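Report on one structure; see the data block that follows.
Ligands are counted one by one from 1 in listed order, and the atoms in each one are counted from 1 as well. Start at 1 with the first residue, then count along the sequence.
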Amino acid sequence: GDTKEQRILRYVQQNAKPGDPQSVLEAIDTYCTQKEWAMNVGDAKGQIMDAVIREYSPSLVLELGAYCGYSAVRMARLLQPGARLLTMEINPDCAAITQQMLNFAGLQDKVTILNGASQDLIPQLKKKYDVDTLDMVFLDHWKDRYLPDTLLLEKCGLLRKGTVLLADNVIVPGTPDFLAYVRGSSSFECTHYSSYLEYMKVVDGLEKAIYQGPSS
Ligand SMILES: Cc1ccc(Cc2cc(O)c(O)c(C(=O)NC/C=C/[C@H]3O[C@@H](n4cnc5c(N)ncnc54)[C@H](O)[C@@H]3O)c2)cc1
Ligand SMILES: [Cl-]
Ligand SMILES: [Cl-]
Ligand SMILES: [Mg+2]
């Protein structure tokens, strides 16, 4: 009957407070610590996401991979008024669970969910959705999409000097082609944020890669 993702949403609805994003996040973290593991970024990596958002105060943020809306809630709740999160999610079941999670949280007006493959959607952003340049991108979808989408974002002109890329899972499962590129290119300046895989004692980390402009 129910899926794991419907079980996570259900647990939130019964146990957290509506319109309160912090109870929504703590509820998801509790469910995933005691009942079923799921691929949410988690609290430890979440605090690194908090700080990054706090440091740069981004007006437009793009999230690749929504899943259950845990990072969406995590970032949306910290945005200054007027700022927006676009999130791209290729699975409609996840897209639907994400929407409802944001509604419960009362953050639905700060988020625009686009249901489709990011490689089809990134090229449409300027024309269809009015975009100039992104101030921040958060990558947490399929690990083989990080590099081709980072290059498609450049190709398309969605990046600007000072745009922050924040990439989950750079140690485990790992994102080798992406990590070696951004660390090797003069078009980015990178910092590694060592941490733990969500709900586990296994060493993971995030990578922050700030776009310096096109290479000469
Ligand atoms: C060793 C080891 C292996 C695996 C793990 C476990 C583990 C730990 C983690 O933190 C992880 O982030 C992952 C992981 O694979 N995440 C993939 C995330 C997919 C979501 O994004 C969606 N999506 C996938 N491609 C696209 C796309 N083009 N455009 C739009 N949405 C897309 C999907 O529809 C899902 O909503 C796995 C831990 C340790
Ligand atoms: Cl998440
Ligand atoms: Cl955690
Ligand atoms: Mg992840």
Protein contact to atom 1 (C) of ligand 1 [nearest heavy atom, distance to 0.1 Å]: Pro173 CA, 4.1 Å
Closest protein heavy atom (residue, atom, distance) for atom 29 (N) of ligand 1: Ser118 N, 2.9 Å
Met88 neighbourhood, listing ligand 1 atoms whose heavy-atom distance to it stays under 4.0 Å: 30 (C), 31 (N)
Nearest-0.5 Å distance that lies between atom CZ in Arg10 and atom OG1 in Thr3: 9.0 Å
Carboxylate-amine/guanidinium contact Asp43 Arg74, below 4.0 Å: yes
Electrostatic pair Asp177-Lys143, nearest N-O below 4.0 angstrom: no
Close-contact set for ligand 1 against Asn91 heavy atoms, below 4.0 Å: 34 (O)
Heavy-atom nearest neighbour of atom 33 (C) of ligand 1 within options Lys143, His141, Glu198, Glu89: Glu89
Separation between OG of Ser194 and CG of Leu206, rounded to the nearest 0.5 Å: 10.0 Å
Mode of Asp168 contact toward ligand 1 - side chain, backbone, both, neither (heavy atoms, under 4.0 Å): side chain
Under-4.0 Å salt bridge between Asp140 and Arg145: no
Parallel, tilted or perpendicular: ring planes of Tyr146 versus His141, cut at 30 and 60 degrees: parallel
From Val172, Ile171, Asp204, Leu197 - option closest to atom 38 (C) of ligand 1 by heavy atom: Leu197
Of the listed options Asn115, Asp120, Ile90, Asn40, closest to atom 23 (N) of ligand 1 (non-hydrogen atoms): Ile90
Rounded distance [0.5 Å steps], OG1 in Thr98 versus CG in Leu9: 9.5 Å
Test item: side-chain donor near acceptor, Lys4 and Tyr31, under 3.5 Å: no
Sub-2.8 Å protein N, O or S atoms surrounding the Mg ion (ligand 4): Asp140 OD1, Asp168 OD2, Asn169 OD1
Ligand 1 contact by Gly42, heavy-atom criterion under 4.0 angstrom: no
Of the listed options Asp140, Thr87, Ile122, closest to atom 18 (C) of ligand 1 (non-hydrogen atoms): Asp140
For atom 25 (N) of ligand 1, the protein heavy atom that lies nearest, with its residue and separation: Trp142 CD1, 3.0 Å
Distance-only side-chain donor-acceptor flag, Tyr193 / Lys208, under 3.5 Å: yes
Ligand 1 atoms in contact with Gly65 (distance to a heavy atom under 4.0 Å): 21 (O)
Short side-chain donor-acceptor distance under 3.5 Å, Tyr70 and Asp29: yes
Nearest protein heavy atom with distance in Å, relative to atom 11 (C) of ligand 1: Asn169 OD1, 3.0 Å
contact_flag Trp37 ligand 1 heavy-atom lt 4.0 Å: yes
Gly116: numbered ligand 1 atoms lying under 4.0 Å from its heavy atoms: 29 (N), 30 (C)
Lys/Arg N to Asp/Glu carboxylate O, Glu207 vs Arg183, below 4.0 Å: yes
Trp37 side chain vs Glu198 backbone, donor-acceptor pair below 3.5 Å: yes
Between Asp204 and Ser195, a side-chain donor and acceptor under 3.5 Å: no
Closest protein heavy atom (residue, atom, distance) for atom 19 (C) of ligand 1: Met39 CE, 3.3 Å
4.5 Å side-chain heavy-atom contact, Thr87 and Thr112: no
Flag side-chain contact, heavy atom, 4.5 Å: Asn40 against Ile8: yes
Ligand 1-proximal atoms of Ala117, by part, heavy-atom distance under 4.0 Å: backbone
Heavy atom of the protein closest to atom 28 (N) of ligand 1 (residue, atom name, distance): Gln119 OE1, 3.1 Å
